[PDB]
Amino acid sequence: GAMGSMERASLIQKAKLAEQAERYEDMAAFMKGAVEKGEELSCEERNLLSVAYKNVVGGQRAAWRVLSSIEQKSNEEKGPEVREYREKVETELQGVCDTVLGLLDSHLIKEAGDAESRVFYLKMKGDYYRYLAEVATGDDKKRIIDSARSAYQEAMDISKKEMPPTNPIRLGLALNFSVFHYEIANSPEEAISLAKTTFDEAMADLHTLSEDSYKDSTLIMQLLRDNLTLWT
Amino acid sequence: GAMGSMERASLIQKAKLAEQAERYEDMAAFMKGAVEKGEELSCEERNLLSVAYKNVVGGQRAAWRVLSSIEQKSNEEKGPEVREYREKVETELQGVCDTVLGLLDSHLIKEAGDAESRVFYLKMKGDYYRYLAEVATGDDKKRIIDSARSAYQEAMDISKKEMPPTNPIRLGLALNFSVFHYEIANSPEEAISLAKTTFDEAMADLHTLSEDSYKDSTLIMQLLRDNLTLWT
Amino acid sequence: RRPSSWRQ
Amino acid sequence: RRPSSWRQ
Ligand SMILES: *Cc1ccc(-n2ccnc2-c2ccc(F)cc2F)cc1Br
Ligand SMILES: *Cc1ccc(-n2ccnc2-c2ccc(F)cc2F)cc1Br
Ligand SMILES: [Ca+2]
Ligand SMILES: [Ca+2]
Ligand SMILES: [Cl-]
Ligand SMILES: [Cl-]
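First to last, the sequence lines map onto chains A, A', P and P'. A prime marks a further copy of an entry chain. FYI, the numbering for the first sequence is -4 to 71, 76 to 231, going by the entry's author numbering. FYI, the numbering for the second sequence is -4 to 71, 76 to 231, going by the entry's author numbering. If you number the third sequence the way the entry's author numbering does, the last residue is 75 and the count never jumps. If you number the fourth sequence the way the entry's author numbering does, the last residue is 75 and the count never jumps.
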């Protein structure tokens, strides 16, 4: 690996620097190097990994949607360039998703013993299979979709047994699983039911929280509310 | 070159697509391939080249300034990581500047016969030597600064002889040359005098313009005014 | 519009 | 603040 010669702590330090400089490709490369040191990641380190790759793939998804819309308007004969460039961005996006899924499979998930870390990595696995499903059209599209579902579902089962309803990673997992139901699985009623049940059970648990935990949980509850207002 | 196998028109088409997708690194690679076809660039094509690399180097400059500020605060012993990463971003920035200057030297400038294209490319040359000067600290810093000045000065001499005072590339050239005077050459009075004289002589020529040309010229005049208000 | 997934 | 150079 290109980062094999740099200290683990130096990679973490430089990932935080790249975040400040809004250099998210560098940030992702640094955290990939940190993961490949073979040690488990702390809560802070897991978030750095997540933020880096979410920003990288977020720009690729936004670009893919721009090009896909142009491509659809063109097919409503004018040259192969639009399809070619959409395919180029698509292939780069799939490469990043495959890289993240490789880090999770080797060997972040299998070494995640606590519910907190295991749910985190399974939510990541669901997210990046979902991003693969957004662009999928081939023989394996249904298997990609079910791979996202299976990872989300295991994370949901763990979070319901081991976490309170206001736990931020439990809330974020339910939010993204509901987005999966609505946008990928074409199950809007399941999406709405999950978002409502998650919001209501979090609302009833707020009384147990400090001011700092209250802020974290209500932030994600507001995202659930935003989708419910969009969907109903 | 990596773009040697793609048609010139396809590279232009994909550069416009990359701009719509906000994929400015792709946009710069496409226009570099277009330039390396060996034909002169149209007005529209020159702007695509400019916009692509200005966005790429603009993100590198912003990142370099973030890291340089962190580095200065650290030196007011805590590890080499900040300097190392600042050097990494710095080297990448210099690589992009060197690439653009190579396109101008081989062979955009020498084939630019009209005043409009030659001033455009000389303004580019001044800009990218200025970006090199922003990070320069070595034996050749004064020569880098004078290389920027020499390119700006030749472009200024041509624009004053061959263009009206409201010509957008003449206005933009004077704006950037004034920024060079203020920030690089430590000559604020020369910067202020140039910006004021450029604004006033453009103001007196507005009466000759159509509504569309009037909008173009007053846009750049407003940038000159913004700097004059900042500097006085 | 598109729905909201987790964002930082 | 920093001064304005040409921007599109
Ligand atoms: C997907 C996701 C949901 C919530 C959060 N989140 C919000 C506030 N803190 C956190 C967080 C940070 C680190 C961690 F290991 C778990 C966690 F919930 C972050 C993400 Br990614
Ligand atoms: C550096 C610079 C200054 C002005 C402009 N500009 C503004 C409106 N049109 C243009 C333009 C576009 C293309 C061209 F070849 C010359 C030109 F002045 C663009 C730039 Br870059
Ligand atoms: Ca070590
Ligand atoms: Ca050809
Ligand atoms: Cl392509
Ligand atoms: Cl580095």
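Positions of the beta carbon are idealized from the N, C-alpha and C atoms, including for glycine.
Within-7 angstroms CB hit, residue i to chain P'
i: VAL46(A'); result: yes
Exposure label - residue i; buried when at least 16 CB within 10 Å
i: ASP126(A); result: buried
i: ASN70(A'); result: exposed
i: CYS38(A); result: exposed
i: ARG68(P'); result: exposed
i: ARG142(A); result: exposed
i: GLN55(A); result: buried
i: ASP21(A); result: buried
i: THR90(A'); result: exposed
i: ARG74(P); result: exposed
i: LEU218(A'); result: exposed
i: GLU188(A'); result: exposed
i: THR231(A); result: exposed
i: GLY28(A); result: buried
i: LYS68(A'); result: exposed
i: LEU229(A'); result: exposed
i: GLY78(A'); result: exposed
i: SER105(A); result: exposed
i: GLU14(A'); result: buried
i: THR197(A'); result: buried
Element boundaries [alpha helix (DSSP H), containing residue i]
i: residue 72(A'); result: In the model as presented, chain A' runs from 71 straight to 76, which leaves residue 72(A') without coordinates.
i: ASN175(A'); result: 167 to 182
i: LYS49(A); result: 38 to 69
i: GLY94(A); result: 80 to 102
i: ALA201(A'); result: 187 to 202
i: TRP73(P); result: Note, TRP73(P): premise wrong, no alpha helix (DSSP H); not H, not E.
i: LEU208(A); result: Neither: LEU208(A) is in no alpha helix (DSSP H) and is coded neither H nor E.
i: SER149(A'); result: 140 to 161
i: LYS11(A'); result: 3 to 15
i: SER116(A); result: 114 to 133
Residue i at chain A interface by Cβ criterion, 7 angstroms
i: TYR84(A'); result: yes
i: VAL52(A'); result: no
i: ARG18(A'); result: yes
i: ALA(-3)(A'); result: no
i: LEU62(A'); result: yes
C-beta atoms of residue i and residue j nearer than 7 angstroms
i: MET123(A); j: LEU103(A); result: yes
i: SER0(A'); j: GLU80(A); result: no
i: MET26(A'); j: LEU12(A'); result: no
i: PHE119(A'); j: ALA147(A'); result: no
i: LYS9(A); j: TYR84(A'); result: yes
i: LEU193(A'); j: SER212(A'); result: no
i: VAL51(A); j: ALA23(A); result: yes
i: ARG82(A'); j: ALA58(A); result: no
i: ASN226(A'); j: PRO70(P'); result: yes
i: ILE157(A); j: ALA190(A); result: no
i: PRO164(A'); j: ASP204(A'); result: yes
i: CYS96(A); j: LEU121(A); result: no
i: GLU110(A); j: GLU35(A); result: yes
i: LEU100(A); j: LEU174(A); result: no
i: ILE183(A'); j: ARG117(A'); result: no
Residue i: CB within 6 angstroms of a non-hydrogen atom of ligand 8
i: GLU133(A'); result: By its list of ligands, the structure shown excludes ligand 8, since it contains just ligand 1, ligand 2, ligand 3, ligand 4, ligand 5 and ligand 6.
Neighbour flag for residue i against chain A', beta carbons, 7 angstroms
i: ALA190(A); result: no
i: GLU80(A); result: yes
i: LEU43(A); result: no
i: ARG142(A); result: no
i: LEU208(A); result: no
i: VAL134(A); result: no
i: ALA58(A); result: yes
Residues, ordered as in the chain, of the stretch 166 to 186 of chain A' that lie near chain P' by beta-carbon distance below 7 angstroms: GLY171, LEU174, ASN175, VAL178, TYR181 and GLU182
Contact residues within the stretch 219 to 230 of chain A', judged by C-beta distance below 8 angstroms to chain P': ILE219, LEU222, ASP225, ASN226, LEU229 and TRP230
Residues, ordered as in the chain, of the stretch 4 to 15 of chain A' that lie near chain A by beta-carbon distance below 8 angstroms: Against chain A - using a Cβ distance shorter than 8 angstroms - the residues of the stretch 4 to 15 of chain A' are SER5, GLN8, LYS9, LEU12, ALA13 and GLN15.
Residues within the stretch 22 to 38 of chain A neighbouring chain A', beta-carbon criterion of under 8 angstroms: none
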